[PDB]
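Colleague: chains from the complex, first installment, not repositioned:
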Amino acid sequence: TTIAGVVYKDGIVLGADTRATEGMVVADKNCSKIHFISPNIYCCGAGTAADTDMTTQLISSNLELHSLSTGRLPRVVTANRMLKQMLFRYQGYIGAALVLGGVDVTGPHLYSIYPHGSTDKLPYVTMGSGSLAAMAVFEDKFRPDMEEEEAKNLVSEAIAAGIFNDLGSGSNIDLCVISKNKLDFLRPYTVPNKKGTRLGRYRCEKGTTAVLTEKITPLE
Amino acid sequence: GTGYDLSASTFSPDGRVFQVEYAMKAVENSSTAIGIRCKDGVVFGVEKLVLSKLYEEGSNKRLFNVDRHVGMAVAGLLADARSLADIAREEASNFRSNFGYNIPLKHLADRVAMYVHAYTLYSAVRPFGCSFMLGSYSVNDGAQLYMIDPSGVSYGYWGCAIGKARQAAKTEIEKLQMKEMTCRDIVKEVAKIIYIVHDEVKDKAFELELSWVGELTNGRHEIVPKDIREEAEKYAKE
Amino acid sequence: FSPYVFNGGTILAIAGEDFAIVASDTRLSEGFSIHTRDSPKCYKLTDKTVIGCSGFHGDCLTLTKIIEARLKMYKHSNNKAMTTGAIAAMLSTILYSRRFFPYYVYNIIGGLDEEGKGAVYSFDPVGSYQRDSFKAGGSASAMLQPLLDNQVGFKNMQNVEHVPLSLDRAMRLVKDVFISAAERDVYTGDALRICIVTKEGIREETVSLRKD
Amino acid sequence: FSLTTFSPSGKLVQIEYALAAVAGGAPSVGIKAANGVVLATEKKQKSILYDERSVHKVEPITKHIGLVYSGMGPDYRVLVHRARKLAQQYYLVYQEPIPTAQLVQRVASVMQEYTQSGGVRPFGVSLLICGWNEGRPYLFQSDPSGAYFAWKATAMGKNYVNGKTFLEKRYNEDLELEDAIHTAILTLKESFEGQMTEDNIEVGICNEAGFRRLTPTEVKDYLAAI
Amino acid sequence: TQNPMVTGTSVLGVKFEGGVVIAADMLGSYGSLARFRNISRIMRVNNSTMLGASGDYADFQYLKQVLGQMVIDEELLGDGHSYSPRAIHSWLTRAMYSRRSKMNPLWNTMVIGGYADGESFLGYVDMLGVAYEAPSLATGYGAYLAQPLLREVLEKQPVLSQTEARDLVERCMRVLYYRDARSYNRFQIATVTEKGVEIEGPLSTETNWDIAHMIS
Amino acid sequence: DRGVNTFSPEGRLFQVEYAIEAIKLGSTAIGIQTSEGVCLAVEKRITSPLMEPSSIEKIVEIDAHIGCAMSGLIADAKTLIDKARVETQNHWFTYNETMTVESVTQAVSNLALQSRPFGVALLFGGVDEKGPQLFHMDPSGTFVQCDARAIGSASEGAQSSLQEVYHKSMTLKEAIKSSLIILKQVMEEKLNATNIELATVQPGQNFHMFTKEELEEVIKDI
Amino acid sequence: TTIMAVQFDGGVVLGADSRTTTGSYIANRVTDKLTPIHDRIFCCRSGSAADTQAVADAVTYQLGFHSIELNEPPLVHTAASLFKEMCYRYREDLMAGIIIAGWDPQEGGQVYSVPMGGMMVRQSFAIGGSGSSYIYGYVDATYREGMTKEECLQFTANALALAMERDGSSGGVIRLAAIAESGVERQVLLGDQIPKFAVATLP
């Protein structure tokens, strides 16, 4: 799992891989590790996938309720505070490492959330098992106040480095770009890994697979 | 009246809480009290009815020490007054344990007034039948004096009186010129005012419980030495 | 961290024809250092019952004060003192009431019953008790008990008359066994407090022992 | 005692007084059209000191559930907050169904904490619910004591009787397009005393695309040519 | 509570004719670290009772706060009575025992000195709830080093005079500073008597190193 | 007034002055405490012959050295007697000795008013170190030591007769006959063995039923 | 990381490093460890970052509420009491070293230390963190009495710089906070501006 985010000139760009593995075997090749919170803020997940999903869904629901009650747009700082309180209440039992990014009325914000409840505001954030490669790519090729296309390219390069240099991450690149007026999900943005075609018709026709008994129950 | 002055939770047709309007009557009926903020401190004073000579030296005293630098002079129903004094002591102890140092008088008065308002808000519990002055002094904040009605809220008082004869005491209190008089002459004058208030005209002989707080006592609210303030009582008699 | 530490001390009680002797050392120590030379393990509870507490000193103190409180409560609730058997049973109930985190103490109750006969009730740290003519509790239990039962009980001795013990003879044997145990067991010594329980009351004697 | 109570022989006297209270004076008409549902109400603020963009009568409970109400607005605030919490809890339990119209019946059913646990004093507000995430629209009414009624066109104001009569005479009908909001405004006009304007009238619409509280611009546009 | 971080080193005290003297150095040992060199481990319980502790200084501060609050509450009633040092020692004993029973021990070994009713009292309580009173007391390594001198002095002199008692305490502090890693050359000496409690302050002991030339 | 807790305007709260007058509806019971022991005599007052006399019991042994006689609502007396048994057994288990009848009565009085107050009066009788003793406990959580007590519908007349027929140095043999003649005077029918229950208290005996229809040797003399 | 406070006449100066370490990887090289508890009160955090942040936020809650209910700026001693209570009641669960300083009109510049355990002490200067244990001799030897604002600022900057260059868990930039009656001024020393004592060991 490798997730990353950057603060560009007009907002936040979030990137993530789509390799959810059970131990050392790939289970999901298109696991959405970028989760919607509010139409202005997203958040990338890492660690225990189920805990991350439950926590991010709870935060999204609570913040949607809060925005409906207030009638205004929500704020990244509020989501950070909710996440920090929830995680620190359990003292790290929620093995969920999160990358929160969003656009508020006070400007775009990007935060890192750790399972024990630690948070900080950073121009660029990386998390996950392959976080080190993406962090190195940022440190090498980060420029403050960098435009939309260049920021997307930088995030794509960091995600690709994490994919090709960490075996437990990859198979797709998921991107999201957000600003004061734009929310654009990209899903698979670049597929640098394609399955080779199967040489020959490695298929089994009918007649094989002898059956002891068969039951047919037709419906309406 | 009738069905509206039965529980504090029942509002009057005009928008009043008659339970507290009757609880104030107990304070109005009980013995009076006086507290004056001297130039560098606050001086208390309460007359207490010796209902029978069978009692020992002054007991169930209307003066109480709620904290190291804070004292409470109460009038009204004395049992609930003592319970509220215990509540104030607990509040001061809790504040000292949590935030350290000494509880500011304004905050202590606000908290105890909020507690009293909580007791008068509901229906199962009844409003407290007592009114008291909280007096304290510190070098940083000078001398403060807050008075709490059985249902009202704390108010800053240069000099206040409560009990049987509030107006009669307050007239001479306003006659007295505070804010420039030292706490010694203020002790003498509070004794004088209390004896000006009627003591044996229609009641028994009264005892003079007077309290002290100020830089002359470096805070540390304590009862004035009665042996050396008997002469202040004598001056009040004259 | 552990909530228990062995503080030494040696207690001993003997049930006579009409007297109850409860003797104990007063040396409080743990590990290799001695806190004090005066820390009695005997505690008088009524005019006719004295207990001995040895082992963890804090638990000894707590148990003694709980016993005092329970005796006072029972006296108020029944308008009478508590019999030696009754306080023995109450102590047994208290000890097992905290079975899963027991008082690391050994209790021996010496006193006079309703009949006016010497009664000694030894106790286990977790509550077991039995009436005995004599028992020793503490670190020096292993080195003190054999002397007192082979003398008082005349065990392994033939052609000897089982004469009932006089008060003076019992006191002499108590002093002998304690002075013998003080030198072998380092926890024992520096003093000895002996409580004599009879109809006339409780008489205490403090004798000096090996100061090392 | 501490629940919905005061039911004598054959009667629900306390509930009947609550229903007399919810008679109110805010019509808050609702129309279930083929394309969607329109909930229109009247915001007749006392004097011009009050504001119309500050407080709202129509509240979006969730993505495509909108809510309009009747007398006892302070009770309605707590009720709509509870409804939002309940819908959010349902969406969290059954994650990602986009639950609006398969939830509109469910959220109306879970409006049992609304009255079946009255809270000593029953709620004094009747609320109309709209949802359209099923390929079909839904209009439901929950009253201070009952449950879902599944209305097609109704009013809950001071002149709710004549408002409903106007709705049926004007043939709320079934082929009516989404722009039955004109008929809803006309029904309000019958129970309105004044020259209704964009801030005086608040209306929310719930179609298959979702729910949206119409801004004063569109409200004035519809009110034009009436 | 469970594992102290900043620990206060040894404290000792002896009673004499008409009063008691205790002494504690002003070092807060963060393990092997002399992190805090200007902290007071001696508290004035009331006008006629003093208290010192050895161990976790945070626990000592908590006990100081609680005990001062309860003394203030006791003196607020103005009943004329007071918490006698015997009563104070018993209360601390019960508190330590209760904390041990709850398996949240207070990492402090406390020495309580007082002089009430014309008779000196000098109590002692530790983490495990073991309590007693002795004419001379010491904690930690002080009970190993300073205590033997006190015992040998008291064996020949059951009663003591104030000047020689405080001189003996100063010599014991010198010995402790000589042969204790956690010790420091800055100790407070507090004396309780009929006049009240008086604390000298940051007293220091003179070091002797003539034996340093005996290495060769 | 009507509130179980509100005090009366004059001197003493009501709804307990109502609970105490529940022995009036209850049946008569008399106990005598002598130096020989304690004699507890009650009437069963069987309404129909079909009901088994053994079923109707007003005297129940709390323990081997304590006997109790009820007068009032048998339902509430069952709970009070059960609590008395539990307290006695708990005390014996804790202290390995026989709980004093005074202590048992004190505990039952403590449990009497702590729920609408119990409306039964108990006549505890048993042996202790302070000789045989008898205690009269009343519905208003109050117990009093007594030597010869009467309770029930006609407690006034029975107590008045007992006041002059009792003397301080009597034995069991005279006490039983005095109680039986008084009972026969109070009741409506005769003192048949199937209608009268008797309980004896002895220093060296447990408290058993009075001879179980062979007690006619005491009623024939009557 | 390293955190340090000094008290001068009429104010205090705080110096903290920007590194927060996780194992041997630099989690955040620009960490802002000078959390403003109130307008004139600041917090220096060391240890478990999550625990420090949670404690600081809770104390900021309580202190702001208390100041609002008094209509008076809170005392630095009051804030230190809040921190000591919070750390002491949960010491077995919360492991954090906190340095507290600020200015109030009641006393002026004050400095308090509440390390792991929950003890409070008032000091002329406070030092804490993983990298603090390497500059004890320097901070004790090179500290004078009555130092002015600039002297304390430079001395704290030097101490933090050496703690950074020596300790492996400390690095990045230095954050300074000068608290006084006029207000608080926060500055960042980065790159060449870092006071460096170069060690040119001869070949």
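Modeller: Done, it's in. Numbering: from 1, shown residues only, chains lettered A, B, ... in the order given.
Colleague: what number of residues lie near the residue in chain E that chain G sits nearest to?
Modeller: Closest contact between chain E and chain G, by Cβ to the nearest Cβ, is at residue E:58 (3.8 Å). C-beta coordinates here come from the backbone N, C-alpha and C atoms, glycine included. Residues within reach of residue E:58, counting by other Cβ atoms under 10 Å in any protein chain shown, total 29.
Colleague: one more: the one 4 residues further on?
Modeller: Using other Cβ under 10 Å as the criterion, residue E:62 is surrounded by 21 other residues.
Colleague: just the CA coordinates of stretch D:179-190, formatted as PDB?
Modeller: Output of stretch D:179-190 as PDB, limited to C-alpha atoms (Å, rounded to 0.1, in the frame of the first residue of the first chain):
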ATOM      1  CA  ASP D 179     -43.500  21.500 -13.000                       C
ATOM      2  CA  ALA D 180     -46.500  20.900 -10.800                       C
ATOM      3  CA  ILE D 181     -44.700  23.400  -8.500                       C
ATOM      4  CA  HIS D 182     -47.000  26.000 -10.200                       C
ATOM      5  CA  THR D 183     -50.000  24.200  -8.800                       C
ATOM      6  CA  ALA D 184     -48.300  24.000  -5.400                       C
ATOM      7  CA  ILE D 185     -47.700  27.800  -5.400                       C
ATOM      8  CA  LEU D 186     -51.300  28.300  -6.400                       C
ATOM      9  CA  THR D 187     -52.400  26.100  -3.500                       C
ATOM     10  CA  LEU D 188     -50.300  28.200  -1.200                       C
ATOM     11  CA  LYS D 189     -51.800  31.300  -2.800                       C
ATOM     12  CA  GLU D 190     -55.200  30.200  -1.500                       C
END
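Colleague: please enumerate residues in contact with it?
Modeller: For stretch D:179-190, contacts defined as Cβ atoms under 8 Å, 6 or more residues apart in numbering or on different chains pick out D:27, D:29-31, D:33, D:38, D:40-42, D:155, D:159, D:162-163, D:166-167, D:170, D:172, D:176, D:196, D:201, D:203, D:205, D:222-223, D:226.
Colleague: number of residues surrounding residue 134?
Modeller: As the question left the chain open, I've gone with chain A. Residue A:134: 33 surrounding residues under other Cβ under 10 Å.
Colleague: nope, chain G
Modeller: Neighbours of residue G:134 using other Cβ under 10 Å come to 18.
Colleague: chain H should join the structure above:
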Amino acid sequence: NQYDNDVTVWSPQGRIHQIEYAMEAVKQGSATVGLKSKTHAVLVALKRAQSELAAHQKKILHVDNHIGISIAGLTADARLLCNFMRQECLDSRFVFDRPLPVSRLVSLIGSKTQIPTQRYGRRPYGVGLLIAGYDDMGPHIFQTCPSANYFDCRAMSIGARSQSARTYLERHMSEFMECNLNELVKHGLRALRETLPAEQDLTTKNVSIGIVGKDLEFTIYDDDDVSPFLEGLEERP
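Modeller: Chain H goes in next, on the same frame as the chains above:
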């Protein structure tokens, strides 16, 4: 009268009526006197008897070696107060091994009894307490009324017709500090004897004495123990 129905409700004229009715509970009770001295505190209680066959009931309850109380009034919620005071005193013994001072115990009783005077559904403890104790400041006598407003007193009496005893104590209270133990006990006996009508007279069976002193722990004297004090009665019924 509506306003007299419940304790919580407040009368328009001032003080509430239920507590005023509560003070009638102690008024409707057997008389009991209690007086201080220089070194001793003595309680003389009238053991009211139901009938000649039954005992004279129990008064002057026992609390601790240095504290003893005398009840007057509603006996139901009086053993409860006795248990509370016993528990508090034993708690004091258990925590700091010292006899709980009488003033602090009385303050605790007042605080405990104040809450029922304000909580709905809770009747006030309509019991009059004459607490005799010996703290470090000599003997102390305290009177606790159901209004939870305690009083300290040189010599106070409560019960039926206790006003005559109050007057006698007041007239003779000057010569109370300098009196022997027997002299003070005889003063109390004369005070109590003046309460009952002339037909009644002091007997060994209908009186109880509670004495606490500096060297004398609290002891409850009755008939055989009272007889030495009852001698020299100077009987003027």
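Colleague: the contacts of stretch D:179-190 with chain H there, same question as before?
Modeller: Residues contacting stretch D:179-190 (Cβ under 8 Å, 6+ apart): D:27, D:29-31, D:33, D:38, D:40-42, D:155, D:159, D:162-163, D:166-167, D:170, D:172, D:176, D:196, D:201, D:203, D:205, D:222-223, D:226.
Colleague: mind running it again at 7 Å?
Modeller: Residues external to stretch D:179-190 that are found in contact with it (Cβ atoms under 7 Å, 6 or more residues apart in numbering or on different chains): D:27, D:29, D:31, D:33, D:38, D:40, D:42, D:155, D:159, D:162-163, D:166-167, D:170, D:196, D:201, D:203, D:205, D:222-223, D:226.
Colleague: quick one: the helix or strand hosting residue A:35 near chain D?
Modeller: Per DSSP states H and E, residue A:35 falls inside strand A:34-38. No - figure legend: strand A:34-38 not in contact with chain D (Cβ under 7 Å from any Cβ of the partner chain); closest approach 9.9 Å.
Colleague: can you list contacts of the helix or strand that that strand is followed by?
Modeller: Once strand A:34-38 ends, the next helix or strand along the chain (criterion: DSSP H and E) is strand A:41-47. For strand A:41-47, the surrounding residues in contact (Cβ under 7 Å, 6+ apart) are A:1, A:3, A:5, A:14, A:16, A:33-37, A:52-53, A:56, A:74, A:76, A:79, A:95-102, A:115, A:127-128, A:176, A:178.
Colleague: strand A:41-47 pairs with which strands, parallel or anti?
Modeller: Strand pairing for strand A:41-47, using DSSP bridges, gives strand A:34-38 (antiparallel), strand A:96-104 (antiparallel).
Colleague: dump the C-alpha coordinates for the first one into CSV.
Modeller: Backbone C-alpha positions of strand A:34-38 (Å, rounded to 0.1, in the frame of the first residue of the first chain) are rendered in CSV as follows:
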residue,chain,number,x,y,z
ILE,A,34,-9.1,7.0,-1.9
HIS,A,35,-12.4,7.5,0.0
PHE,A,36,-14.9,10.3,-0.4
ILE,A,37,-15.6,12.4,2.7
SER,A,38,-17.2,15.6,1.5
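Colleague: ok now that strand, how far from the chain's centre?
Modeller: 9 Å (Cα atoms, centre = their mean, to the nearest Å).
Colleague: now swap in stretch D:46-62 and tell me
Modeller: 14 Å.
Colleague: in contact with residue E:26, which residues?
Modeller: By Cβ under 7 Å, 6+ apart, the neighbours of residue E:26 are E:37, E:38, E:39, E:40, E:184, E:186, E:187, E:188, E:202.
Colleague: add chain I to the structure above, sequence below:
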Amino acid sequence: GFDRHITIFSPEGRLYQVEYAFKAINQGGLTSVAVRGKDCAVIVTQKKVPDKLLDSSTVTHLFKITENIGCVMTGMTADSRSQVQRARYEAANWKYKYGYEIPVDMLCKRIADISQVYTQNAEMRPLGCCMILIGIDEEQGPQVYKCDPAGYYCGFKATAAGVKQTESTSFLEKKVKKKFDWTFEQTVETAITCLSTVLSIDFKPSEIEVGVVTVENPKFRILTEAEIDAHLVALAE
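Modeller: Okay, here's chain I dropped in alongside the others:
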């Protein structure tokens, strides 16, 4: 019956208890005026001080709930202080749970929800105090709201509460109908002249206490004697 005694719906279909509480706000003898302007919002209420033995320093009815929101209270002072404490607690709790400061409208909504809970149920009673709270809000300009004992939170531009609130509201309606925006001189003068026309005493600059929140300068300024005197001099010119 008890329809008008407890918080239950009347047979006619009304709620009389809150209707009485609203008049309870009128009880107490005080008035307040809130005026929102082009860029600022000012609130002024009279300071009825009987006798000078009181401390005019603390007799105020306006407070700072947070760093940017200030309230003014009308009605019984005890309930007013309780609701002020509750509002301060809510603001602090919101700032703790959500990083950004609590919007004034949300704070009013929460206070009104608490009041609606109070008018619900029957154990408690509504608090007889009406709170008008103001504060600068980004993307919204100045904002003024009123929360009542019922739970209806609303009010804007010009809103008044107190005994003579109707006359003040009428005059402010006349002023706002006059289409001209008020700067940070005209808003204060409008509020002052409104309260002066309501109660014609010419308003010596000691009997009123005005709170101001502007946009360029945030925070709830409780303007001192000099500022109110200067504004009064400028107005009466």
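Colleague: repeat for the neighbour count of residue G:134, accounting for chain I.
Modeller: A count of neighbours around residue G:134, defined by other Cβ under 10 Å, yields 18.
Colleague: leaving aside the residues adjacent along the chain, what's closest to it?
Modeller: The shortest distance from residue G:134 to any non-neighbouring residue, by Cβ to Cβ, 6 or more residues apart in numbering or on different chains, is to residue G:166 (4.5 Å).
Colleague: hmm, who's touching the strand holding residue A:35?
Modeller: Contacts with strand A:34-38, where a contact means Cβ under 7 Å, 6+ apart, come from A:14, A:16, A:42-45, A:56, A:59-60, A:63-64, A:67, A:74, A:79, A:174, A:176.
Colleague: up against chain A, what does chain D have?
Modeller: Proximity of chain D to chain A (Cβ under 7 Å from any Cβ) is limited to residues D:60, D:81, D:84, D:85, D:88, D:91, D:92, D:95.
Colleague: for chain E, what's the nearest residue on chain B?
Modeller: When distances are taken as Cβ to the nearest Cβ, chain B reaches nearest to chain E at residue B:65, 4.4 Å away.
Colleague: ok, residue D:91 to chain B distance?
Modeller: 38 Å (Cβ to the nearest Cβ, to the nearest Å).
Colleague: so that residue: helix, strand or coil?
Modeller: Residue D:91 falls in the helix class when you classify it by DSSP: H, G, I helix; E, B strand; the rest coil.
Colleague: contacting residues for it?
Modeller: Applying Cβ under 7 Å, 6+ apart, the residues near residue D:91 are A:61, D:99.
Colleague: and the helices in chain A?
Modeller: Using DSSP state H, the helices of chain A run over residues A:49-70, A:76-90, A:131-141, A:148-165.
Colleague: which strands and helices sit next to the first one?
Modeller: Other helices and strands packing on helix A:49-70, by 3 or more Cβ pairs under 7 Å, 6 or more residues apart in numbering or on different chains; DSSP states H and E, are strand A:34-38, strand A:41-47, helix A:76-90, strand A:96-104, helix D:73-93.
Colleague: near chain H, which residues of chain B show up?
Modeller: Residues of chain B lying close to chain H (Cβ under 7 Å from any Cβ) are B:5-6, B:19, B:22-23, B:25-26, B:29, B:52-56, B:59-60, B:77-80, B:82-83, B:86, B:124-126.
Colleague: neighbours of residue 103, just the number please.
Modeller: With no chain named, the answer covers chain A. Residue A:103: 26 neighbours (other Cβ under 10 Å).
Colleague: could you do chain C instead?
Modeller: 23.
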